[PDB]
Amino acid sequence: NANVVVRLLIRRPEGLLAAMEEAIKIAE
Amino acid sequence: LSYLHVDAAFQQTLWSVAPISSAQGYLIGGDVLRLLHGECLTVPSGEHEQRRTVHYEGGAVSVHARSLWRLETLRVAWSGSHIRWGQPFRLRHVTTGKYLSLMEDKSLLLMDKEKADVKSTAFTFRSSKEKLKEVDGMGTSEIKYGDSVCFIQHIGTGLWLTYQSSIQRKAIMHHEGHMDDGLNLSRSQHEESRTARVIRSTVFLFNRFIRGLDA
């Protein structure tokens with residue numbers, strides 16, 4: 001199953017650490 | 001295919017394949033060939049225009065690089081068929097890449113890829129000098145190389161190829177002309193076709209190299 005899910009996780013994709021850093025001080 | 005930068009990705013893209021070909025010594029479409037007489041068609045050498053007129057003479061050039069011409073039949077699919085007397089070509093001098101650009105009033109020039117229309121430079125083969133249509137197969141072996149007398153009429157003006165009278169016995173456009181315009185043919189081999197495209201790719205970089213650094 002570990003093979004099958006990631007193959008179906010490339011057919012649609014969804015920098016992450018470039019994006020999740022910007023919300024690390026997001027408030028109101 | 002991205003949006004025009006082709007690269008392997010996680011999105012499929014369809015690919016409509018199209019064929020080209022599938023014997024010995026027949027005009028199969030796509031060959032790089034000399035155009036013999038019984039002497040062959042040349043282009044004036046470099047180191048001396050940027051090679052734009054057209055000579056037609058013997059010498060060692062028939063053993064050498066400049067005398068090399070490549071047919072490009074209009075059909076994208078199945079261009080590697082045999083060649084019958086009348087389907088057209090857009091001839092090309094392969095060492096510089098210039099097309100055999102013709103205006104029969106002006107001259108028999110060598111322009112770039114702008115003048116390569118279906119009418120401005122297309123020629124054909126006619127077995128007679130009288131004034132007188134598709135299959136998607138690997139071909140009907142009409143013309144041979146060594147045993148063939150061929151003659152050419154331009155499509156765009158209808159004029160016919162004959163020679164005038166360092167030899168500049170120049171091929172020109174006329175109506176009747178001579179009776180010894182007798183195009184015999186010889187193919188060029190594998191690596192001789194290979195070296196020619198190597199030279200042209202160098203000059204399109206090395207002159208591009210030289211022009212850039214002189215800025």
# chains A, B, ... in the order shown; residues from 1 in each chain; ligands from 1

call {"tool": "select_by_dssp", "arguments": {"residues": "chain B", "states": "alpha helix (DSSP H)", "output": "PyMOL selection string"}}
result
chain B and resi 190-213

call {"tool": "write_last_selection", "arguments": {"atoms": "C-alpha atoms", "output": "tab-separated table (two decimals), in the first residue's frame"}}
result
chain	number	residue	atom	x	y	z
B	190	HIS	CA	26.29	8.06	-43.99
B	191	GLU	CA	29.13	10.04	-42.45
B	192	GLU	CA	29.39	12.47	-45.38
B	193	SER	CA	25.86	13.48	-44.55
B	194	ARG	CA	26.92	13.59	-40.91
B	195	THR	CA	29.96	15.85	-41.33
B	196	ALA	CA	27.98	18.42	-43.28
B	197	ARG	CA	25.47	19.10	-40.51
B	198	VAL	CA	28.38	19.23	-38.05
B	199	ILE	CA	30.03	22.06	-40.02
B	200	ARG	CA	26.79	24.04	-40.29
B	201	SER	CA	26.15	23.69	-36.56
B	202	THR	CA	29.65	24.99	-35.85
B	203	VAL	CA	29.37	28.09	-38.03
B	204	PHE	CA	25.99	28.88	-36.52
B	205	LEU	CA	27.78	28.88	-33.17
B	206	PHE	CA	31.28	30.08	-34.06
B	207	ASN	CA	30.13	33.11	-36.03
B	208	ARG	CA	27.59	33.55	-33.25
B	209	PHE	CA	30.54	33.29	-30.87
B	210	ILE	CA	32.57	35.90	-32.75
B	211	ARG	CA	29.73	38.42	-33.15
B	212	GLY	CA	28.97	38.30	-29.44
B	213	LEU	CA	32.47	38.85	-28.09

call {"tool": "interface_residues", "arguments": {"of": "chain B", "to": "chain A", "cutoff": "12 Å", "atoms": "only C-alpha atoms", "output": "ChimeraX atom specification"}}
result
/B:9-12

call {"tool": "write_last_selection", "arguments": {"atoms": "C-alpha atoms", "output": "JSON list (two decimals), in the first residue's frame"}}
result
[["chain", "number", "residue", "atom", "x", "y", "z"],
["B", 9, "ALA", "CA", 6.47, 15.78, -15.38],
["B", 10, "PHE", "CA", 3.52, 14.35, -13.44],
["B", 11, "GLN", "CA", 0.94, 15.48, -16.00],
["B", 12, "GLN", "CA", 0.27, 13.41, -19.08]]

call {"tool": "residues_around", "arguments": {"residues": "residue 71 in chain B", "least_positions_apart": "3", "cutoff": "8 Å", "atoms": "only C-alpha atoms", "output": "PDB file with C-alpha atoms, in the first residue's frame"}}
result
ATOM      1  CA  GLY B  29      12.636  11.037 -49.847  1.00  0.00           C
ATOM      2  CA  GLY B  30      15.096  12.698 -47.474  1.00  0.00           C
ATOM      3  CA  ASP B  31      18.455  11.892 -49.075  1.00  0.00           C
ATOM      4  CA  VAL B  32      21.424  14.246 -49.169  1.00  0.00           C
ATOM      5  CA  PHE B  89      10.823  19.398 -53.124  1.00  0.00           C
ATOM      6  CA  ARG B  90      12.240  22.411 -51.302  1.00  0.00           C
ATOM      7  CA  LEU B  91      15.950  21.988 -51.964  1.00  0.00           C
ATOM      8  CA  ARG B  92      18.582  23.119 -49.492  1.00  0.00           C
TER       9      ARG B  92
END

call {"tool": "select_by_dssp", "arguments": {"residues": "range 3-205 of chain B", "states": "strand (DSSP E or B)", "output": "ChimeraX atom specification"}}
result
/B:26,28,32-36,40-41,56-57,69-70,82,89,92-93,99,102-103,107-108,111,123,144,150,153-154,160-163,171-174,183-187

call {"tool": "closest_residue", "arguments": {"among": "B:95, B:153, B:168, B:140", "to": "residue 58 in chain B", "atoms": "only C-alpha atoms"}}
result
B:168

call {"tool": "closest_atom_pairs", "arguments": {"of": "range 94-124 of chain B", "to": "range 158-165 of chain B", "cutoff": "12 Å", "atoms": "only C-alpha atoms", "output": "Markdown table"}}
result
| residue | atom | partner | partner_atom | distance |
| --- | --- | --- | --- | --- |
| B:102 | CA | B:159 | CA | 10.8 |
| B:103 | CA | B:159 | CA | 10.4 |
| B:104 | CA | B:159 | CA | 7.6 |
| B:105 | CA | B:159 | CA | 10.3 |
| B:108 | CA | B:161 | CA | 10.7 |
| B:119 | CA | B:158 | CA | 10.5 |
| B:120 | CA | B:158 | CA | 11.3 |
| B:121 | CA | B:158 | CA | 11.3 |
| B:122 | CA | B:158 | CA | 10.5 |
| B:123 | CA | B:158 | CA | 9.2 |
| B:124 | CA | B:160 | CA | 10.2 |

call {"tool": "closest_residue", "arguments": {"among": "B:20, B:109, B:149, B:8", "to": "residue 125 in chain B", "atoms": "only C-alpha atoms"}}
result
B:149
